[PDB]
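Here's the structure we're looking at; comments come further down.
Residue numbers (the authors' numbering), protein chains in the order written: chain E, 874 to 922; chain R, 777 to 825; chain H, 689 to 728; chain S, 1020 to 1067; chain P, 1020 to 1147.
Following this line, the structure appears as structure tokens:
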């Protein structure tokens, strides 16, 4: 359970396909927001909220 | 049934000491290294309930 | 000189990947895999 | 069947981002965090 | 239940491309080929797997003249001296332009932003 958190927190959706992948967490949510029809702007503009 | 669920990975990942994730606090889900059993706060509640 | 042993199971190798606010890992090549799946 | 379902959620919800409605929580799924439990498992979904 | 699953995989994996993870093989699914067998069926799942990596320095945006430029489809990377844009799952670096980017707001609200130049293809034609 702890290993799968460290991969999701770090790599997001990559370690489930192959080798792990260093990605910052704030950048993962930018791609996940794009996965629901929302741009990267509202995240970085409201990163604290 | 456990291997198909929990053993979805092939290599153990771990978190860094510098937990900089853009303001997100995963302390209540990450393991407490002080306890004998390395399970998180939320995990410990479920094992007691 | 062989014998049967008993041990605690290991769950794979540790991998403490890199971390930073200014780091990214991008693939440069790729590898096609063709695995197999049986179902009765 | 519950175990095969949970194994499908760890692949779809945790290891990836699912566009399936109400499969990884009510709302637009962003990511999911698993937690262990006695004779079971618990998912902490995140939705927009 | 195993048969209903195989019927579900013949539809989602073979007859189409599935975005479901670990359902039609390990990795990003491209296509799958079925094969018969006694009292069952065999699926040959073709998958895309990135193999060779390379660490890079990144940033979420670029400050050009006060305007923050975000990428339309890709990420900003750096070889230590110059910044480019590239697709996520493959290193195809290319110059930052106003066509590869999107403008929203200013540079005083985004965290981790960096100052750099953005190219405008219209400018050199004016000098022609």
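Backbone N, C-alpha and C fix where the C-beta goes; we use that ideal spot for every residue, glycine too.
Which runs of the beta strand (DSSP E) fall wholly inside the segment 692–726 of chain H and span at least 3 residues, in chain order?
-> 712–715
Show which residues of chain S have a CB atom less than 9 Å away from the CB atom of residue 1042 of chain P.
-> Position 23 of the fifth chain, counted from the start, is the residue given in the question as residue 1042 of chain P. Per Cβ cutoff of 9 Å: 1027, 1030 and 1031.
In its own chain, which residues sit with a C-beta less than 6 Å from the C-beta of residue 1061 of chain P, not counting the 5 before and 5 after it?
-> Taking the first residue of the fifth chain as position 1, residue 1061 of chain P is located at position 42. Contacts found: 1054.
Give me the Cα-Cα distance between residue 1026 of chain P and residue 1130 of chain P, rounded to the nearest whole angstrom.
-> Here residue 1026 of chain P corresponds to residue number 7 of the fifth chain, with the count starting at 1. Here residue 1130 of chain P corresponds to residue number 111 of the fifth chain, with the count starting at 1. So the alpha carbons of these two residues sit roughly 48 Å apart.
Quick one: complete beta strand (DSSP E) runs, 3+ long, within the segment 1063–1127 of chain P?
-> 1072–1075, 1086–1090, 1094–1097, 1102–1105 and 1120–1125
Would you verify that the beta carbon of residue 1035 of chain S is, or is not, closer than 8 Å to some beta carbon of chain P?
-> Counting from 1 along the fourth chain, the entry for residue 1035 of chain S is found at position 16. For residue 1035 of chain S, the answer is yes, since a Cβ of chain P falls inside 8 Å of its Cβ.
Please report the residue range of the beta strand (DSSP E) in which residue 1052 of chain S lies.
-> Walking along the fourth chain from the start, residue 1052 of chain S turns up at place 33. That run of the beta strand (DSSP E) goes 1048–1056.
Identify, in the order they occur along the chain, each residue of the same chain with its Cβ nearer than 8 Å to the Cβ of residue 1042 of chain S, setting aside the five sequence neighbours on each side.
-> Taking the fourth chain and counting its residues from 1, one reaches residue 1042 of chain S at position 23. Cβ neighbours of residue 1042 of chain S beyond the five flanking positions: 1028, 1031, 1032 and 1048.
Beta-carbon proximity check, residue 1103 of chain P vs residue 1078 of chain P, cutoff 8 Å = Translated into the one-based positions of the fifth chain, residue 1103 of chain P becomes position 84. Translated into the one-based positions of the fifth chain, residue 1078 of chain P becomes position 59. Contact flag unset, no.
Residues of chain H with a CB under 8 Å from the CB of residue 814 of chain R: which are they?
-> On the second chain, residue 814 of chain R is found 38 positions in, with the first residue counted as 1. Going along chain H, no residue has its Cβ under 8 Å from residue 814 of chain R, so there is no contact; the nearest lies around 12 Å.
Identify, in the order they occur along the chain, each residue of the same chain with its Cβ nearer than 6 Å to the Cβ of residue 817 of chain R, setting aside the five sequence neighbours on each side.
-> Taking the first residue of the second chain as position 1, residue 817 of chain R is located at position 41. Result list for residue 817 of chain R: 804, in chain order.
Where the alpha helix (DSSP H) through residue 909 of chain E begins and ends = Numbered from 1 along the first chain, position 36 holds the residue referred to as residue 909 of chain E. Where residue 909 of chain E is concerned, there is no enclosing alpha helix (DSSP H), given that its DSSP letter is neither H nor E.
Provide the residue(s) that pair with residue 1061 of chain S in DSSP beta bridges, ordered along the chain.
-> Here residue 1061 of chain S refers to the residue found at position 42 when the fourth chain is read from its first residue. S:1054.
For the 8 Å Cβ check, are there 3 or more pairs between the segment 707–718 of chain H and the segment 886–901 of chain E?
-> yes
Would you say the segment 884–891 of chain E touches the segment 1065–1077 of chain P, given that touching needs at least three Cβ pairs under 8 Å?
-> yes
What do you reckon, are the CB atoms on residue 726 of chain H and residue 1044 of chain P nearer than 8 Å?
-> Position 38 of the third chain, counting from 1, holds the residue named residue 726 of chain H. Position 25 of the fifth chain, counting from 1, holds the residue named residue 1044 of chain P. Not closer than 8 Å, so no.
Minimum C-alpha distance to residue 808 of chain R - residue among R:785, R:777, R:783 and R:791 = Within the second chain, residue 808 of chain R is the residue found at index 32, counting from 1. Nearest C-alpha to residue 808 of chain R: R:791.
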